[PDB]
Amino acid sequence: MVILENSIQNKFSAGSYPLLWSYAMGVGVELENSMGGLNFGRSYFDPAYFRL
Amino acid sequence: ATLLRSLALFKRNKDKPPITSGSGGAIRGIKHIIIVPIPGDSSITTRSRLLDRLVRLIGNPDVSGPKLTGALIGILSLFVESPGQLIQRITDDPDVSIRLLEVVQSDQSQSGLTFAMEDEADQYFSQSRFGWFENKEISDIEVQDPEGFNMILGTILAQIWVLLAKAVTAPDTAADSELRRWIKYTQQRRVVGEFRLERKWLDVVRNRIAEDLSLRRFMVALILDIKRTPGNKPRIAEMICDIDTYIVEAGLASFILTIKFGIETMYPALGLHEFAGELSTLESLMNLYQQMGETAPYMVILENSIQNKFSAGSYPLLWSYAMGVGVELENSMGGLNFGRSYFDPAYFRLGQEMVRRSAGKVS
Amino acid sequence: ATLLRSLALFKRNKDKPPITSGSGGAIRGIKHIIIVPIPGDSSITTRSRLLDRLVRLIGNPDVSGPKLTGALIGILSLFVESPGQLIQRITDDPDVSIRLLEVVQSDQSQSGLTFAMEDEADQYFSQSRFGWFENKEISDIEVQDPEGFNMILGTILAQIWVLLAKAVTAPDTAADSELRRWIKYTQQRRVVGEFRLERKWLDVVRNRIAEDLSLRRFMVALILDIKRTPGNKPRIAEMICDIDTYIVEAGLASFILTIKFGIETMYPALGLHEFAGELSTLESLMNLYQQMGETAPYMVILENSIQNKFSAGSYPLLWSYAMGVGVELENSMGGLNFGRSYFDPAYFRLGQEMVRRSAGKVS
RNA sequence: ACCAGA
RNA sequence: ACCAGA
RNA sequence: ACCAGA
RNA sequence: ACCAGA
RNA sequence: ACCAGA
């Protein structure tokens, strides 16, 4: 949907769930080495749940 | 227990949309001829010349109400084959009669365009107060390739459709928000980054979309026609339905955020009896929202009479609780202005208190 | 006996860490772009050249606040594969935004390094006031083998991490103590003994670690990341966690030595009633110390607000008793400066008296 | 805030 | 209301 | 929008 | 009516 | 009969 770049990939964006996404980046970068290279820079990050 | 279902039916009739088709036809207003210059002929070249002579028409302090709305309806539908059967397909506005005129290119006219009336077109299309691009080294944006015009028109439309998102809700403080969408369509390679129309061109259009109502009814009702297109949409039309995620529910966030923070979190401060009557007049507004159909996220863009019913004044206590839950959870809710004459901050402080008490307090 | 548990709960709430996550996001300060020159590419050769051009960058009176902190964060993370995903892994400082730039080697540039901006790097990296090694026969420390650079970088880091131990507590009188750790890592064959950076290079860094706070938050929070590494740590990282035993609790020794000498010896002069209230506000500081987690031995290195609570001014009598027990037992406690405006030497002399009375006096 | 700590 | 509190 | 994936 | 939303 | 209600 984002290769075809349709309008419905705005709906799967992490901005609609900005807290539970940051929690999953906190679980994510602590578990795998591979998640350390993922850039997650957004204007809704809220790092208090990333640290949680 | 006969009072309970007699109470719930009482709120499913006074909070019900009125049945229609009772007017025989004596409500229709006095009409108003508007002038929408549609692209002339099959060829790509004249519709790029039409876009060029009609963007700088808008950046002009001498254009009127109808001439500007017809200029915008003229460029918001250049992205289709035969725009004439799109305007009369979309416009069901009762206060505006489309009299749309074909524009063909010429080498006799001054502007380069005649009407299919050779010099009469020059009074239709024609320095520090003319709105134009920010890189004002640009003189003309007339091109001859189809994919060139497809990217220039997609650039001009993508910064007129983002105006609609908060032309009527936050008109003045929309300059910082709409730039963040211009940055979005630049790194997606949707638009070209060079052809950014300036602050003064967009403030003509944003003031126009705010001040008349038949332009918004055209902008809403073609978005609703973009959504119904089943297959792969054309790429400017996909972009309009992509901008649409910022235009939907824009002005209902005293109701959407009341659902998102007051209802869906389910703190123990919803079993208060003072909310128990206001969870039912918010339950009936969720029944009413989905039976209004696909025109329901645009009720304050279209500015109909039913957006007074979704106002937070009908649930002034449970709304304030949800602003208290809201501004304590997100950084983004700190910028929301909620200044109303029914605020009651004792439940706003009760809304913040349920979040702070339930910090590490898994249910 | 209802006053007793009402008293103990009174001291387990005013001496309690405040609950958090109440700020929506409107506390975050104005940011500050810092420049951390990360090593460029997989190859060992450019990160030895980066270390060479960035050690002598620090020994320079013309470097600023941010340029020096970004130089130190640039060299304190050269010991890992891909230092770029370490800086953005560690830094949760709200006052500093890392803008880290890759540095690749070149033969075109003057210094030998460009940015992945060929000559713009030469104004980034560039005699009696340039800080450098004590054996200043050295010109360059660029090497080409991996185990050579692993021992040179381990030598440079082992005398920057020992600066952190008392950069903020005893900054001036740290010159004799930090040499005793340099002697420790020389006979362990951890470092090379030749490459001792001089007094004037380290006094740039020790003054820097003292005067800004976001450098210490990077130095602390990577130490806390070294500890979490489960298996055999890499050998420079093992050395940093080896230096760490001198950095922990550094500035809490009016509290650690109060526990060690006042509490744990258990002389009969703890059943004084004047201490009975101050053994409970020291019991609650031991409950508070272990529920702050792994950031608790660094509370005065990080200089947070909770190290005012572990101060000896809240227990000014039982602390002085423990300085009296302390300086009478060890030779090493004779060098400790305890000069405070709450000393009360009548309990310091009572602290020494319990040691002298209990000389051969097995309990 | 200040000691000693292979 | 009043002290001391890296 | 960004990681890793015989 | 006002926030954030690849 | 009296309020508030983009």
# chains A, B, ... in the order shown; residues from 1 in each chain; ligands from 1
call {"tool": "interface_residues", "arguments": {"of": "chain C", "to": "chain E", "cutoff": "10 Å", "atoms": "only C-alpha atoms (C1' of nucleotides)", "output": "PDB file with N, CA and C atoms, in the first residue's frame"}}
result
ATOM      1  N   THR C 169      33.071  16.221  42.086  1.00  0.00           N
ATOM      2  CA  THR C 169      33.136  16.178  43.540  1.00  0.00           C
ATOM      3  C   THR C 169      34.409  16.822  44.069  1.00  0.00           C
ATOM      4  N   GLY C 251      30.183  11.025  45.507  1.00  0.00           N
ATOM      5  CA  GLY C 251      29.537  12.251  45.913  1.00  0.00           C
ATOM      6  C   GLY C 251      28.431  11.961  46.896  1.00  0.00           C
ATOM      7  N   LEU C 252      28.271  10.687  47.232  1.00  0.00           N
ATOM      8  CA  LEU C 252      27.329  10.253  48.251  1.00  0.00           C
ATOM      9  C   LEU C 252      28.039   9.704  49.476  1.00  0.00           C
ATOM     10  N   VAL C 300      24.566  12.189  41.771  1.00  0.00           N
ATOM     11  CA  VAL C 300      25.285  13.446  41.842  1.00  0.00           C
ATOM     12  C   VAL C 300      26.252  13.590  40.666  1.00  0.00           C
ATOM     13  N   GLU C 303      23.648  14.759  38.699  1.00  0.00           N
ATOM     14  CA  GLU C 303      23.291  15.983  39.415  1.00  0.00           C
ATOM     15  C   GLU C 303      21.781  16.220  39.370  1.00  0.00           C
ATOM     16  N   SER C 305      17.857  16.150  41.264  1.00  0.00           N
ATOM     17  CA  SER C 305      17.374  16.890  42.417  1.00  0.00           C
ATOM     18  C   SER C 305      17.291  16.045  43.668  1.00  0.00           C
ATOM     19  N   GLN C 307      19.646  14.098  45.077  1.00  0.00           N
ATOM     20  CA  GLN C 307      20.841  14.052  45.899  1.00  0.00           C
ATOM     21  C   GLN C 307      20.879  15.140  46.959  1.00  0.00           C
ATOM     22  N   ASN C 308      19.952  16.100  46.940  1.00  0.00           N
ATOM     23  CA  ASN C 308      19.788  16.951  48.109  1.00  0.00           C
ATOM     24  C   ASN C 308      19.135  16.198  49.246  1.00  0.00           C
ATOM     25  N   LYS C 309      18.445  15.110  48.934  1.00  0.00           N
ATOM     26  CA  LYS C 309      17.704  14.363  49.932  1.00  0.00           C
ATOM     27  C   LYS C 309      18.600  13.398  50.683  1.00  0.00           C
ATOM     28  N   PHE C 310      19.639  12.890  50.030  1.00  0.00           N
ATOM     29  CA  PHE C 310      20.635  12.045  50.673  1.00  0.00           C
ATOM     30  C   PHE C 310      21.730  12.842  51.346  1.00  0.00           C
ATOM     31  N   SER C 311      21.572  14.155  51.435  1.00  0.00           N
ATOM     32  CA  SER C 311      22.579  14.995  52.047  1.00  0.00           C
ATOM     33  C   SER C 311      22.633  14.741  53.541  1.00  0.00           C
ATOM     34  N   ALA C 312      23.795  15.008  54.125  1.00  0.00           N
ATOM     35  CA  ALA C 312      23.965  14.783  55.549  1.00  0.00           C
ATOM     36  C   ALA C 312      23.279  15.842  56.396  1.00  0.00           C
ATOM     37  N   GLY C 313      22.748  16.900  55.785  1.00  0.00           N
ATOM     38  CA  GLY C 313      22.066  17.924  56.543  1.00  0.00           C
ATOM     39  C   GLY C 313      20.735  17.487  57.097  1.00  0.00           C
ATOM     40  N   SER C 314      20.155  16.423  56.549  1.00  0.00           N
ATOM     41  CA  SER C 314      18.911  15.896  57.083  1.00  0.00           C
ATOM     42  C   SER C 314      19.132  14.994  58.287  1.00  0.00           C
ATOM     43  N   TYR C 315      20.344  14.479  58.462  1.00  0.00           N
ATOM     44  CA  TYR C 315      20.740  13.712  59.642  1.00  0.00           C
ATOM     45  C   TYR C 315      22.069  14.257  60.161  1.00  0.00           C
ATOM     46  N   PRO C 316      22.073  15.485  60.687  1.00  0.00           N
ATOM     47  CA  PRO C 316      23.350  16.145  60.979  1.00  0.00           C
ATOM     48  C   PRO C 316      24.044  15.608  62.205  1.00  0.00           C
ATOM     49  N   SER C 341      28.122  23.229  57.475  1.00  0.00           N
ATOM     50  CA  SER C 341      27.551  24.151  58.448  1.00  0.00           C
ATOM     51  C   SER C 341      26.607  23.483  59.419  1.00  0.00           C
ATOM     52  N   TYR C 342      26.690  22.169  59.565  1.00  0.00           N
ATOM     53  CA  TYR C 342      25.845  21.417  60.476  1.00  0.00           C
ATOM     54  C   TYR C 342      26.636  20.333  61.188  1.00  0.00           C
TER      55      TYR C 342
END
call {"tool": "interface_residues", "arguments": {"of": "chain B", "to": "chain A", "cutoff": "8 Å", "atoms": "only C-alpha atoms", "output": "ChimeraX atom specification"}}
result
/B:238-239,241-243,245,330-332
call {"tool": "write_last_selection", "arguments": {"atoms": "C-alpha atoms", "output": "short mmCIF file (atom, residue, chain, number, x, y, z; two decimals), in the first residue's frame"}}
result
data_model
loop_
_atom_site.label_atom_id
_atom_site.label_comp_id
_atom_site.auth_asym_id
_atom_site.auth_seq_id
_atom_site.Cartn_x
_atom_site.Cartn_y
_atom_site.Cartn_z
CA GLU B 238 -4.95 9.42 -5.14
CA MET B 239 -3.19 12.48 -3.73
CA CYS B 241 -7.77 11.17 -1.16
CA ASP B 242 -4.36 11.14 0.58
CA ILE B 243 -4.75 14.75 1.77
CA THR B 245 -7.08 11.99 5.98
CA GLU B 330 -0.03 13.25 24.65
CA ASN B 331 2.37 16.06 23.94
CA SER B 332 0.22 16.88 20.92
#
call {"tool": "closest_residue", "arguments": {"among": "C:57, C:263, C:220, C:19", "to": "chain B", "atoms": "only C-alpha atoms"}}
result
C:19
call {"tool": "select_by_dssp", "arguments": {"residues": "range 231-337 of chain C", "states": "alpha helix (DSSP H)", "output": "number ranges by chain"}}
result
C: 235-243, 253-257, 273-276, 280-290, 316-329
call {"tool": "write_last_selection", "arguments": {"atoms": "N, CA and C atoms", "output": "CSV table (one decimal), in the first residue's frame"}}
result
chain,number,residue,atom,x,y,z
C,235,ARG,N,36.7,-5.5,25.2
C,235,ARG,CA,37.7,-5.3,26.2
C,235,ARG,C,37.8,-3.8,26.5
C,236,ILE,N,37.5,-2.9,25.6
C,236,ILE,CA,37.4,-1.5,26.1
C,236,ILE,C,36.2,-1.3,26.9
C,237,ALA,N,35.1,-2.0,26.6
C,237,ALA,CA,33.9,-1.9,27.4
C,237,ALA,C,34.0,-2.6,28.7
C,238,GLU,N,34.8,-3.6,28.8
C,238,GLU,CA,35.1,-4.2,30.1
C,238,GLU,C,35.9,-3.2,31.0
C,239,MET,N,36.8,-2.5,30.3
C,239,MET,CA,37.6,-1.5,31.0
C,239,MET,C,36.8,-0.3,31.5
C,240,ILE,N,35.8,0.1,30.8
C,240,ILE,CA,34.9,1.2,31.2
C,240,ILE,C,34.1,0.8,32.4
C,241,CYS,N,33.6,-0.5,32.4
C,241,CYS,CA,32.9,-1.0,33.6
C,241,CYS,C,33.8,-1.4,34.7
C,242,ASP,N,35.1,-1.4,34.4
C,242,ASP,CA,36.2,-1.6,35.4
C,242,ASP,C,36.5,-0.3,36.1
C,243,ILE,N,36.6,0.8,35.4
C,243,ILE,CA,36.7,2.2,35.9
C,243,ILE,C,35.5,2.5,36.7
C,253,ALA,N,29.3,10.1,49.7
C,253,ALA,CA,30.0,9.5,50.8
C,253,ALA,C,29.8,10.1,52.1
C,254,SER,N,28.9,11.1,52.2
C,254,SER,CA,28.3,11.5,53.5
C,254,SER,C,27.2,10.6,53.8
C,255,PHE,N,26.7,9.8,52.9
C,255,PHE,CA,25.7,8.8,53.1
C,255,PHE,C,26.2,7.3,53.1
C,256,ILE,N,27.2,7.0,52.3
C,256,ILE,CA,27.7,5.7,52.2
C,256,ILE,C,28.6,5.4,53.5
C,257,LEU,N,29.4,6.4,53.8
C,257,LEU,CA,30.2,6.3,55.0
C,257,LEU,C,29.4,6.4,56.3
C,273,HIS,N,18.5,8.5,72.1
C,273,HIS,CA,17.2,8.9,71.5
C,273,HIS,C,17.4,9.9,70.5
C,274,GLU,N,18.4,10.7,70.5
C,274,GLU,CA,18.7,11.7,69.5
C,274,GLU,C,19.1,11.1,68.2
C,275,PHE,N,19.5,9.9,68.1
C,275,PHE,CA,19.7,9.2,66.9
C,275,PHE,C,18.5,8.4,66.4
C,276,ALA,N,17.6,8.1,67.3
C,276,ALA,CA,16.4,7.2,67.0
C,276,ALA,C,15.5,7.8,65.9
C,280,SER,N,15.7,6.4,61.4
C,280,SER,CA,14.6,6.2,60.5
C,280,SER,C,14.6,7.0,59.3
C,281,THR,N,15.1,8.2,59.3
C,281,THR,CA,15.3,9.0,58.1
C,281,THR,C,16.6,8.6,57.4
C,282,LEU,N,17.3,7.6,57.9
C,282,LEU,CA,18.4,6.9,57.1
C,282,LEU,C,18.0,5.5,56.7
C,283,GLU,N,17.0,4.9,57.4
C,283,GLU,CA,16.4,3.7,56.9
C,283,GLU,C,15.6,4.0,55.7
C,284,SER,N,14.9,5.1,55.6
C,284,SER,CA,14.1,5.4,54.4
C,284,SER,C,14.9,5.9,53.3
C,285,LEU,N,16.1,6.3,53.5
C,285,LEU,CA,17.0,6.7,52.4
C,285,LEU,C,17.7,5.4,51.8
C,286,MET,N,17.7,4.3,52.6
C,286,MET,CA,18.1,3.1,52.0
C,286,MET,C,17.0,2.3,51.3
C,287,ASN,N,15.8,2.6,51.7
C,287,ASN,CA,14.7,2.1,50.8
C,287,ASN,C,14.6,2.9,49.5
C,288,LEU,N,14.9,4.2,49.6
C,288,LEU,CA,14.8,5.1,48.4
C,288,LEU,C,15.9,4.8,47.5
C,289,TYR,N,17.1,4.4,48.0
C,289,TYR,CA,18.3,4.2,47.2
C,289,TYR,C,18.1,3.0,46.2
C,290,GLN,N,17.5,2.0,46.7
C,290,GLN,CA,17.4,0.8,45.8
C,290,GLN,C,16.2,0.8,45.0
C,316,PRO,N,22.1,15.5,60.7
C,316,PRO,CA,23.4,16.1,61.0
C,316,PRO,C,24.0,15.6,62.2
C,317,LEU,N,23.4,14.8,63.0
C,317,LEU,CA,24.0,14.3,64.3
C,317,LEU,C,24.5,12.9,64.0
C,318,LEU,N,23.8,12.1,63.4
C,318,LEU,CA,24.2,10.7,63.2
C,318,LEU,C,25.3,10.6,62.1
C,319,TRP,N,25.3,11.6,61.2
C,319,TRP,CA,26.5,11.7,60.3
C,319,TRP,C,27.8,12.1,61.0
C,320,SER,N,27.7,13.0,61.9
C,320,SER,CA,28.9,13.4,62.6
C,320,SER,C,29.4,12.3,63.5
C,321,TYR,N,28.6,11.5,64.0
C,321,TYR,CA,29.0,10.3,64.8
C,321,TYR,C,29.7,9.4,63.8
C,322,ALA,N,29.3,9.3,62.6
C,322,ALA,CA,29.9,8.3,61.7
C,322,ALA,C,31.2,8.9,61.1
C,323,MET,N,31.4,10.2,61.1
C,323,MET,CA,32.7,10.7,60.8
C,323,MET,C,33.6,10.5,62.0
C,324,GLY,N,33.1,10.5,63.2
C,324,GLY,CA,33.9,10.2,64.3
C,324,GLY,C,34.4,8.8,64.4
C,325,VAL,N,33.5,7.8,64.1
C,325,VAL,CA,33.9,6.4,63.9
C,325,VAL,C,34.8,6.3,62.7
C,326,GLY,N,34.6,7.1,61.7
C,326,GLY,CA,35.3,6.8,60.4
C,326,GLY,C,36.7,7.2,60.5
C,327,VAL,N,37.0,8.4,61.0
C,327,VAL,CA,38.4,8.9,60.9
C,327,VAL,C,39.3,8.2,62.0
C,328,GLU,N,38.6,7.5,63.0
C,328,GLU,CA,39.4,6.9,64.0
C,328,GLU,C,39.8,5.4,63.6
C,329,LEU,N,39.0,4.8,62.7
C,329,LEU,CA,39.3,3.5,62.2
C,329,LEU,C,40.3,3.4,61.1
call {"tool": "residues_around", "arguments": {"residues": "residue 133 in chain B", "least_positions_apart": "6", "cutoff": "6 Å", "atoms": "only C-alpha atoms (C1' of nucleotides)", "output": "ChimeraX atom specification"}}
result
/B:196-198
call {"tool": "atom_distance", "arguments": {"atom1": "CA of residue 64 in chain B", "atom2": "CA of residue 225 in chain B"}}
result
28.1 Å
call {"tool": "select_by_dssp", "arguments": {"residues": "range 108-352 of chain B", "states": "strand (DSSP E or B)", "output": "ChimeraX atom specification"}}
result
/B:113-115,133,197
call {"tool": "write_last_selection", "arguments": {"atoms": "C-alpha atoms", "output": "JSON list (two decimals), in the first residue's frame"}}
result
[["chain", "number", "residue", "atom", "x", "y", "z"],
["B", 113, "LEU", "CA", -6.59, 31.65, -24.53],
["B", 114, "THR", "CA", -9.94, 32.25, -26.20],
["B", 115, "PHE", "CA", -13.43, 30.95, -25.47],
["B", 133, "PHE", "CA", 5.34, 31.00, -6.43],
["B", 197, "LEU", "CA", 2.92, 28.89, -3.90]]
call {"tool": "residues_around", "arguments": {"residues": "residue 209 in chain B", "least_positions_apart": "2", "cutoff": "10 Å", "atoms": "only C-alpha atoms (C1' of nucleotides)", "output": "JSON, numbers by chain"}}
result
{"B": [69, 72, 160, 163, 164, 166, 167, 168, 171, 203, 204, 205, 206, 207, 211, 212, 213, 214, 215, 216, 217, 219, 301]}
call {"tool": "decode", "arguments": {"residues": "range 11-22 of chain B", "atoms": "N, CA, C and O atoms", "output": "PDB file, in the first residue's frame"}}
result
ATOM      1  N   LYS B  11     -34.344   9.475  23.831  1.00  0.00           N
ATOM      2  CA  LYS B  11     -33.097  10.002  23.310  1.00  0.00           C
ATOM      3  C   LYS B  11     -32.759   9.454  21.935  1.00  0.00           C
ATOM      4  O   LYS B  11     -31.795   9.908  21.324  1.00  0.00           O
ATOM      5  N   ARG B  12     -33.498   8.474  21.445  1.00  0.00           N
ATOM      6  CA  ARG B  12     -33.342   8.065  20.062  1.00  0.00           C
ATOM      7  C   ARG B  12     -34.417   8.648  19.164  1.00  0.00           C
ATOM      8  O   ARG B  12     -34.688   8.083  18.103  1.00  0.00           O
ATOM      9  N   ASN B  13     -35.059   9.735  19.582  1.00  0.00           N
ATOM     10  CA  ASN B  13     -35.948  10.500  18.719  1.00  0.00           C
ATOM     11  C   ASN B  13     -35.686  11.995  18.741  1.00  0.00           C
ATOM     12  O   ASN B  13     -35.782  12.638  17.696  1.00  0.00           O
ATOM     13  N   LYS B  14     -35.348  12.579  19.890  1.00  0.00           N
ATOM     14  CA  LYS B  14     -34.931  13.977  19.885  1.00  0.00           C
ATOM     15  C   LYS B  14     -33.497  14.139  19.406  1.00  0.00           C
ATOM     16  O   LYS B  14     -33.070  15.262  19.122  1.00  0.00           O
ATOM     17  N   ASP B  15     -32.758  13.043  19.305  1.00  0.00           N
ATOM     18  CA  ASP B  15     -31.379  13.041  18.843  1.00  0.00           C
ATOM     19  C   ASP B  15     -31.342  12.180  17.585  1.00  0.00           C
ATOM     20  O   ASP B  15     -30.477  11.312  17.426  1.00  0.00           O
ATOM     21  N   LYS B  16     -32.316  12.398  16.712  1.00  0.00           N
ATOM     22  CA  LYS B  16     -32.544  11.638  15.494  1.00  0.00           C
ATOM     23  C   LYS B  16     -32.561  12.614  14.325  1.00  0.00           C
ATOM     24  O   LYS B  16     -33.063  13.733  14.461  1.00  0.00           O
ATOM     25  N   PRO B  17     -31.995  12.230  13.182  1.00  0.00           N
ATOM     26  CA  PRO B  17     -32.103  13.072  11.986  1.00  0.00           C
ATOM     27  C   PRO B  17     -33.540  13.144  11.505  1.00  0.00           C
ATOM     28  O   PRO B  17     -34.236  12.117  11.455  1.00  0.00           O
ATOM     29  N   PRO B  18     -34.026  14.339  11.156  1.00  0.00           N
ATOM     30  CA  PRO B  18     -35.406  14.462  10.671  1.00  0.00           C
ATOM     31  C   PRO B  18     -35.590  13.849   9.294  1.00  0.00           C
ATOM     32  O   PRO B  18     -34.693  13.925   8.450  1.00  0.00           O
ATOM     33  N   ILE B  19     -36.738  13.210   9.071  1.00  0.00           N
ATOM     34  CA  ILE B  19     -37.051  12.589   7.790  1.00  0.00           C
ATOM     35  C   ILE B  19     -37.234  13.684   6.752  1.00  0.00           C
ATOM     36  O   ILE B  19     -37.543  14.831   7.090  1.00  0.00           O
ATOM     37  N   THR B  20     -37.039  13.341   5.484  1.00  0.00           N
ATOM     38  CA  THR B  20     -36.835  14.364   4.460  1.00  0.00           C
ATOM     39  C   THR B  20     -37.889  14.196   3.373  1.00  0.00           C
ATOM     40  O   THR B  20     -38.895  13.508   3.574  1.00  0.00           O
ATOM     41  N   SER B  21     -37.687  14.879   2.236  1.00  0.00           N
ATOM     42  CA  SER B  21     -38.544  14.845   1.044  1.00  0.00           C
ATOM     43  C   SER B  21     -39.958  15.326   1.349  1.00  0.00           C
ATOM     44  O   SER B  21     -40.944  14.831   0.800  1.00  0.00           O
ATOM     45  N   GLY B  22     -40.047  16.317   2.226  1.00  0.00           N
ATOM     46  CA  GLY B  22     -41.320  16.926   2.547  1.00  0.00           C
ATOM     47  C   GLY B  22     -41.495  18.260   1.856  1.00  0.00           C
ATOM     48  O   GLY B  22     -42.619  18.738   1.683  1.00  0.00           O
TER      49      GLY B  22
END
